[PDB]
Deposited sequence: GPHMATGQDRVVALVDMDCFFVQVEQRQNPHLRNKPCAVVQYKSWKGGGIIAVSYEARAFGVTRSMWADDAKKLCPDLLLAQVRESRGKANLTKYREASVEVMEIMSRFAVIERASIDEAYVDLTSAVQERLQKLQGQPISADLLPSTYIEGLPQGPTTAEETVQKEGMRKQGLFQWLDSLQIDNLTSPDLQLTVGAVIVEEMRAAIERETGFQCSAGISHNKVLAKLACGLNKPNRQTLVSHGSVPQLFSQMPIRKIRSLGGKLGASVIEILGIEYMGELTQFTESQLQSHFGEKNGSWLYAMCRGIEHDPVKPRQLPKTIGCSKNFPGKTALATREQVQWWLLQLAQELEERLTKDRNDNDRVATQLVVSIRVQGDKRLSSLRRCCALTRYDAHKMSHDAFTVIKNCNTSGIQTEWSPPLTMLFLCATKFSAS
């Protein structure tokens, strides 16, 4: 009743760049704009592996993880842009730099949490209170929300997408109570106004379009963002959660798309997020652990407490390369050469990071995968990272992995290595 907290205390947005690497390449090369386009890594094996797909190409069934040769079967006119190769490996610097452009613009509006290269959460609670004070009771015009969808509307008693969007927005705005400065629905609405402004600034100042979700917490804002892509934003109110969740597959909620979500489905014999409400908190904790159980109990009611962390920079800077099938590394010369290639990329990135961000990494994590191991990492070892020197870094990595060589000969490496990974971690201010 009057005491049951409803998880409506914050305004959180999730901003996600549409098909981000494609947009980076389309900005650079206008011939790719408004075309079925994808970004690929490498080319010799089956045309390269697709990692990003324009919405025009998605209409033909092109997806990430597809080989370009197969994508071309679905879409013979598909245009391709290739990720840069440096020191024998994919080099994602162009996309990291473009991501910094976008994150710096978002940071003008509020403190952001960098969730990925192209995704950031925004805590808008304070900006919303300020904008509400500036308003002073004045209602919110639909013109301030020209790309906003209100999830679940229109409802109750046209045949074009934009017409439906406007019908729902009008129902939403008509039901608003713009007098109550503490009203969660009003706060969300002002949050959406701010996100329209943020998205307009990103597009004006970078050329990049994005989608966004606005809700009361990170999971709902993420879910909201996915409802109307591309180049649109979606408001998911607390009141919209029962209907939204009543047909929402559990796997769609961030963190439930893997083994844990599959076990929720199998153990409880349910399919949809809303079905979780029938279980007590103790029941859920009994099946899924204390933390997961409490999280599921609140999540299925629309409530989540995970804060938007003030962190605009990545916590780790890493470099990795697979050596699949017959390219696996089987000589000491080979292992050392590739460790050096990875370490030289890492040194370049770390040196730029130290100049830009006033910090230094102090730990080097070395990860490998041996041939025949189903796991992604067969072994991880840390050592001290005391100098930004690629030769020292690769010699240290070799030292921490050299005992894994089963071969009796020192020249040979067995079982061959199918992956090398160097990661700088544990940053300190400098």
Original post:
Which segments of the deposited sequence lack C-alpha coordinates in the modelled structure, numbering from residue 1?
Top reply: 158-162
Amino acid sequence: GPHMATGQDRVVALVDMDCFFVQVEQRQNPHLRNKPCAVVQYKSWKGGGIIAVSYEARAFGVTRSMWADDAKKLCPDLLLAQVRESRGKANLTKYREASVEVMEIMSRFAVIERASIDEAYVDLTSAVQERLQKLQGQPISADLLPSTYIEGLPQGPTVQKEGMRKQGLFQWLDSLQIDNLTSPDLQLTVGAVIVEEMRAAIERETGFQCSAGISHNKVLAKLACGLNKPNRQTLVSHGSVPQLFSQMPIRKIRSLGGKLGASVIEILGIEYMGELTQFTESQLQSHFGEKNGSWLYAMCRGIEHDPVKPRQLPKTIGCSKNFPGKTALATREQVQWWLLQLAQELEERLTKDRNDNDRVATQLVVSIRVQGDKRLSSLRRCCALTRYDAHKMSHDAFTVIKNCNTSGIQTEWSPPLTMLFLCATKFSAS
From here on, numbers count along this sequence of modelled residues.
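For clarity, a rigid core is taken as the largest C-alpha set superposing within 1.5 Å between two forms.
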Original post:
Quick one: with the core lined up, is it 225-233 or 177-185 that wanders further in 8 other deposited structures of this protein, going by C-alpha RMS?
Top reply: 177-185
Original post:
Mean C-alpha B factor from the entry: is it higher for 109-117 or for 131-139?
Top reply: 131-139
Original post:
Between 184-192 and 330-338, which has the higher average C-alpha B-factor in the PDB entry?
Top reply: 330-338
Original post:
Out of 64, 27, 58, 369, which residue has the highest Cα temperature factor in the PDB record?
Top reply: 369
Subject >> Per the PDB entry, maximal CA B factor within 177, 294, 243, 91 >> reply: 177
Original post:
What third of the chain, by the recorded C-alpha B-factor, contains residue 360?
Top reply: highest
Original post:
Which third, lowest, middle or highest, does the CA B-factor of residue 266 fall in along this chain?
Top reply: highest
Original post:
Compared with the other modelled residues in the chain, in which third is the CA B-factor of residue 413?
Top reply: highest
Subject >> residue 123 by Cα B-factor - lowest, middle or highest third of the modelled chain >> reply: middle
Original post:
Lowest, middle or highest third: where is residue 171 by Cα B-factor in its chain?
Top reply: middle
